[PDB]
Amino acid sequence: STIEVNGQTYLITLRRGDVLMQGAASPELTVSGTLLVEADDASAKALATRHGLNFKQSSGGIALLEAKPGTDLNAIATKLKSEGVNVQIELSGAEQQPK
């Protein structure tokens, strides 16, 4: 099935460990469990506890929040968007290649 993640169409709720295919000339992607959120530390910390997420670290005004087992990251992301927060669900995999 098709699924919308981060404003783009992938091929298969979104939970940690879920595997996504982005057509047939791209690497297999995995939902890492991490959400990137554009917010200051204090705002990101408040957003984490009031959404059931764990603040891990931040850099450049962008926080990394980790979802707990069972969490539907797509539901969390859509809620954050509606609250006016820029969010990206991390989709991990072998995107960079040795040259």
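Just count from 1 along the sequence shown to find any residue number.
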Going from residue 12 to residue 13, the deposited residues skipped in the model number 10 or more
The stretch whose C-alpha atoms carry the larger average B-factor in the entry, 15 to 23 or 83 to 91, is 15 to 23
The stretch carrying the higher mean Cα B factor in the deposited entry, 54 to 62 or 40 to 48, is 40 to 48
Residue 97: C-alpha B-factor third of its chain, per the entry, is the lowest
